[PDB]
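Q: Supplied in structure tokens, the structure appears directly below.
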6 protein chains.
Amino acid sequence: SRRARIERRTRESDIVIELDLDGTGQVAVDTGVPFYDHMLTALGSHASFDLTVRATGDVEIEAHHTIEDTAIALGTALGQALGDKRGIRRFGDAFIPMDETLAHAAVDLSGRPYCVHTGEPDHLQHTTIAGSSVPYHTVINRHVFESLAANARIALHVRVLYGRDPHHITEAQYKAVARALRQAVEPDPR
Amino acid sequence: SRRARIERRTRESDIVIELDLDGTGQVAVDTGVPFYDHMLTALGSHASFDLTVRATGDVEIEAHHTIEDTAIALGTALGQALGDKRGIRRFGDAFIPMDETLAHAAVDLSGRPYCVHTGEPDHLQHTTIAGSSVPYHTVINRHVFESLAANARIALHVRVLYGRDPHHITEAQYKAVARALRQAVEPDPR
Amino acid sequence: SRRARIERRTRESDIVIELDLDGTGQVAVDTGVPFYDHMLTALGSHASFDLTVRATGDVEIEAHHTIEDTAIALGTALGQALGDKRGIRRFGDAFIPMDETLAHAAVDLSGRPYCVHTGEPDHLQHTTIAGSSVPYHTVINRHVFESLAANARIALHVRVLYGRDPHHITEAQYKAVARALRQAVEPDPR
Amino acid sequence: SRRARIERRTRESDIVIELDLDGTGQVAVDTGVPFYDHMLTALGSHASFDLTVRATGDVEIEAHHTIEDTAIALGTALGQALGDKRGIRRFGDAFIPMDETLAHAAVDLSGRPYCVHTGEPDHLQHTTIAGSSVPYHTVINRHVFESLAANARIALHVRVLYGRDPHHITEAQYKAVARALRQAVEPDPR
Amino acid sequence: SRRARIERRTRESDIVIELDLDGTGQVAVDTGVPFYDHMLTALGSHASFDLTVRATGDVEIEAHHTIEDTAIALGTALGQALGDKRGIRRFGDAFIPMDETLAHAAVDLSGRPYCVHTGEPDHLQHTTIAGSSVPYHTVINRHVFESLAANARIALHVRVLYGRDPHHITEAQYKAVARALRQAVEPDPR
Amino acid sequence: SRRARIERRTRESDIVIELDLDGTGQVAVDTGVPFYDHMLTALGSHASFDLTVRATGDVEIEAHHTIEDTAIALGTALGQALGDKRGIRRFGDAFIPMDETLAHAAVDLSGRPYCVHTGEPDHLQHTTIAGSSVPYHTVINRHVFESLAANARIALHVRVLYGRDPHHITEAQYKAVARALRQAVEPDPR
Ligand SMILES: [Mn+2]
Ligand SMILES: [Mn+2]
Ligand SMILES: [Mn+2]
Ligand SMILES: [Mn+2]
Ligand SMILES: [Mn+2]
Ligand SMILES: [Mn+2]
Ligand SMILES: [Mn+2]
Ligand SMILES: [Mn+2]
Ligand SMILES: [Mn+2]
Ligand SMILES: [Mn+2]
Ligand SMILES: [Mn+2]
Ligand SMILES: [Mn+2]
């Protein structure tokens with residue numbers, strides 16, 4: 001009923017998205033950026049979407065292009081699946097406590113495209129989350145949310161009330177958006 | 001079931017309110033103050049009330065008396081429609097993102113009359129919203145919420161987390177109260 | 001289905017807790033600390049638990065030991081009643097307006113044990129609430145929440161946005177936790 | 001071997017102390033000030049003394065006189081039991097973590113009488129610990145340590161590194177002194 | 001006598017711990033995070049434990065999950081090996097000088113779960129220790145200590161008095177905890 | 001078993017040191033600088049060393065050269081007596097209360113040469129301790145500790161937590177080092 005398939009081929013990347021708004025958390029993400037995969041898995045899961053993401057990009061340069069192209073594609077998919085946006089709750093919000101971190105997200109699905117990202121500690125402008133593969137620079141967090149809000153054409157406010165650990169700060173934000181989205185897309189019985 | 005009709009004749013104004021708490025957003029507002037009409041329409045709509053407001057007042061002087069008398073009348077109507085307040089959720093809250101603005105409202109319907117209004121930028125103390133008719137002075141926003149809370153006999157906290165545009169700041173607040181009220185008046189299945 | 005009985009005998013105190021998560025607000029609390037009884041009644045009631053607390057302790061010394069032992073016991077009971085935590089909403093939050101005070105609580109029931117307590121005015125570090133019996137020192141508020149979060153093994157963030165009266169500040173917090181818990185333990189239809 | 005019995009009759013109070021330095025924590029304290037009893041129990045226990053304190057005083061006025069007279073008597077007993085102070089470790093110290101509080105104590109048993117008390121938060125100058133009986137004013141903490149150090153004729157430095165709860169701050173200090181004393185009085189194998 | 005074996009399978013990781021409190025420093029650690037291995041080796045060695053750690057996790061994402069799961073598992077093992085905690089010294093502390101760095105740790109093994117981590121320079125919130133494999137982000141230091149304290153159910157205060165080098169600051173802390181633990185678990189001859 | 005004899009002839013001075021780590025406090029010091037003799041006596045005594053120091057130097061110029069040469073020689077002797085440093089506790093620390101002063105010392109005997117000297121009041125940079133003979137300038141305190149740490153090849157941190165009297169500040173430091181050393185050199189039963 002509320003599905004969307006988006007293919008997006010740029011010079012930097014090639015993306016395929018499959019999105020079902022009324023899913024059960026069946027999520028499979030592979031972008032070549034493992035921490036981004038982890039975040040998009042959290043997104044899909046906590047939003048109760050069925051989400052398949054397959055992305056290959058110029059990760060030798062860095063993750064930026066891949067992360068950004070995926071977010072654009074994902075936003076487009078979200079907007080398409082929403083459709084005319086009839087009979088939905090439209091507004092959604094969520095607080096996410098994650099150990100010492102507390103994040104919050106609020107959405108208006110019919111509201112004009114906008115993104116406000118506030119509260120994130122300053123050290124996230126130059127923090128890296130690194131494993132055995134392509135690393136993740138937390139400075140991209142802003143971009144990811146902006147890109148999604150811009151391409152889904154929704155109002156999205158994301159706040160970090162407080163927090164220390166960059167893994168927790170980042171993950172809390174993704175989960176906050178997921179749960180705000182979940183509430184907003186749900187059918188309204190009025 | 002939960003209806004109320006209030007007639008209020010003062011020297012300054014004459015007001016009629018018709019309110020159904022369990023409505024479908026059938027709203028008709030005419031106070032002679034067009035921007036106030038726009039706000040009360042947003043209120044009724046987003047609260048899912050059926051609301052009819054008819055008000056005539058000394059708008060040649062200014063909107064103050066009309067806006068205040070309507071708010072008193074509306075609060076009285078809300079309180080009457082609520083009745084004994086049995087088996088309702090009682091507590092409600094809502095975040096409303098409106099472009100750059102984010103507003104929040106929280107209510108306790110059984111709690112003693114109280115109103116706290118915080119966060120509104122200082123320039124709203126001397127901002128006017130003006131069209132082709134009677135203008136609206138944003139300084140009245142406080143009064144409107146206080147008057148309603150006082151006459152409905154409810155606890156009402158309204159916060160502007162941030163914002164710039166006075167139309168957005170004002171509209172977000174009215175919508176926030178509407179959606180907080182909607183949640184609070186809903187029947188509780190416990 | 002989701003019940004728990006905890007008996008806890010220390011040198012300082014002897015505690016019995018009976019907890020049903022899926023109750024109707026049938027609450028009976030007797031700790032020998034009347035204001036604590038009032039708070040635990042608010043907790044049980046607003047969480048829609050069925051809660052029986054019976055506690056005797058060394059109240060001649062002060063309430064601390066009794067209040068702390070009860071909170072540990074209560075946390076243990078909450079954790080046990082939750083069980084495997086299958087098919088619940090997991091996340092919950094609540095704003096509680098109480099006259100001039102506004103408090104907020106947010107929980108993650110599956111999240112690792114953690115407690116953050118912020119915003120409480122400084123005078124609550126040396127405020128006493130006193131009647132005709134054992135008094136209550138508001139400095140214990142922190143401890144109570146920490147103890148519960150530690151023994152239920154949950155993430156619990158409690159904030160006072162603003163407030164003046166210590167009775168209101170304390171009561172709002174207890175009610176906020178109750179309603180956050182209520183939302184989190186509720187079955188999720190997904 | 002290292003025992004002492006002190007009887008001290010003033011106008012304000014009547015005190016009996018029985019002290020064995022080489023005990024097993026057999027402690028019985030009754031001063032008419034329940035929280036002081038709790039602290040002196042912690043002292044005796046954690047020092048591994050055998051300690052019997054019996055005190056009656058003008059508690060209708062307040063605890064001050066009783067608390068001070070006991071501390072003087074106890075210091076005298078400690079000094080007498082120590083004797084010539086031959087073949088002991090002489091120096092002792094202890095850190096005591098108590099939830100959020102961390103306290104420290106350091107002693108020189110042969111060093112000239114001296115007491116330094118630092119780090120205690122300012123609100124302890126006007127904090128009361130109150131149960132169902134005679135209350136305890138944390139401002140006396142200083143006095144108790146000074147009185148003991150003066151009458152045992154020892155160097156005693158007590159520091160609160162950090163802490164919030166007055167019960168914890170007070171109890172940590174008493175336990176810190178106990179364990180510093182324990183180490184100092186122990187026989188030195190050199 | 002005081003042994004424990006813990007197996008912990010999560011989605012992120014799989015952990016096996018073998019712990020003997022009364023060991024001779026026979027330590028074998030393999031988590032896939034070499035610097036963490038180095039730290040856990042220092043822990044086991046300086047505590048005079050016999051410790052075997054085997055952990056595999058999603059290190060492609062980053063070390064966080066593995067480091068955290070190991071710490072939880074290790075804390076659980078420590079608590080189990082401690083048992084009823086009868087006839088032990090209970091309190092322990094240690095200063096560790098490491099070149100320019102000085103760190104300190106203090107424990108109460110019977111005290112309620114708590115962790116305070118103070119003094120660490122600000123640049124450790126965004127410092128990485130990197131070799132030829134999975135890197136280590138010093139921001140996790142806090143988490144590791146908190147996780148252990150939470151799962152062993154002990155009071156643990158860790159302080160950096162001063163220091164510059166992040167390798168030294170981190171290593172000193174791990175060694176400080178090890179030696180505080182060693183002293184606390186030792187049998188008390190009273 | 002753990003002895004050392006060091007002879008050191010410079011242009012400025014001629015030094016003989018005899019050191020037994022496992023002594024009974026048999027100490028005889030003569031450097032021509034009486035206050036230094038007093039300090040080195042405190043060192044040897046409180047460390048439970050057997051120590052003989054005989055030094056003659058250009059004291060007509062000032063004590064500096066003699067004090068420094070002795071400290072170098074003494075450090076060399078300490079290092080030699082320690083030997084391979086097998087089966088010792090290695091780490092040691094001590095707080096020393098001396099009237100109003102509190103000093104602290106912490107050592108790592110196997111740790112790389114290092115000395116940190118902190119907390120000493122500023123007036124000790126230009127304070128003199130003078131009797132009927134060669135005076136002592138407290139500014140040398142730093143040098144003495146640095147010289148020892150450098151020539152014994154040990155980590156040595158010395159702190160003055162607080163203090164006023166320069167005799168007490170100086171003496172407390174020497175005693176603190178002595179007792180830290182005593183604990184570190186002691187055989188470890190593991
Ligand atoms: Mn970009
Ligand atoms: Mn007015
Ligand atoms: Mn508008
Ligand atoms: Mn206590
Ligand atoms: Mn406590
Ligand atoms: Mn009340
Ligand atoms: Mn006095
Ligand atoms: Mn994660
Ligand atoms: Mn974590
Ligand atoms: Mn190393
Ligand atoms: Mn020199
Ligand atoms: Mn002297």
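The count begins at 1 with the first shown residue.
Method on record in the header is electron microscopy, 3.1 Å.
Any Cβ shown, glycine's included, is placed from N, Cα and C.
Okay, so Swiss-Prot annotates it like this:
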| type | residues | note |
| --- | --- | --- |
| BINDING | F:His38, F:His65, F:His167, F:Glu171 | Mn(2+) 1 binding site |
| BINDING | F:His64, F:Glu68, F:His143, F:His168 | Mn(2+) 2 binding site |
Q: Once the DSSP letters are reduced so that anything not helix or strand counts as coil, what is F:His38 (Mn(2+) 1 binding site)?
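A: In the DSSP reduction, F:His38 (Mn(2+) 1 binding site) maps to helix.
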Q: For F:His38 (Mn(2+) 1 binding site), what residues in its own chain, 6 or more apart in sequence, show a Cβ-Cβ distance under 8 Å?
A: F:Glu171
Q: Among the binding-site residues listed here, F:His65, F:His168, whose Cβ has the fewest other Cβ atoms inside 10 Å?
A: F:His65
Q: List the residues of the same chain that sit at least 6 positions away from F:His167 (Mn(2+) 1 binding site) in sequence and have their Cβ under 8 Å from its Cβ, in sequence order, or write 'none'.
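A: Looking at Cβ-Cβ distances below 8 Å from F:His167 (Mn(2+) 1 binding site), excluding near sequence neighbours, one finds F:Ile129.
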Q: I'd like the Cβ neighbour count for F:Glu68 (Mn(2+) 2 binding site), meaning other Cβ atoms within 10 Å of its Cβ, all protein chains included.
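A: Step by step: centre on the Cβ of F:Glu68 (Mn(2+) 2 binding site), count other Cβ atoms within 10 Å, giving 19.
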Q: For ligand 12, which among the binding-site residues F:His64, F:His65, F:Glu68, F:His168, F:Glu171 have a CB under 6 Å from it?
A: F:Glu171
Q: Would you mind listing, in sequence order, the residues at least six apart from F:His143 (Mn(2+) 2 binding site) in the same chain with a Cβ closer than 8 Å to its Cβ?
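A: Correct list: F:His64, F:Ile67, F:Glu68, F:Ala71.
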Q: To the nearest whole angstrom, what is the C-alpha distance linking F:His168 (Mn(2+) 2 binding site) and F:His65 (Mn(2+) 1 binding site)?
A: 24
Q: Tell me, if you would, which residue among F:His64, F:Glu171 (binding-site residues) has the fewest other CB atoms within 10 Å in the structure shown?
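A: If we count Cβ atoms within 10 Å for the binding-site residues F:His64, F:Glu171, the smallest count is at F:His64.
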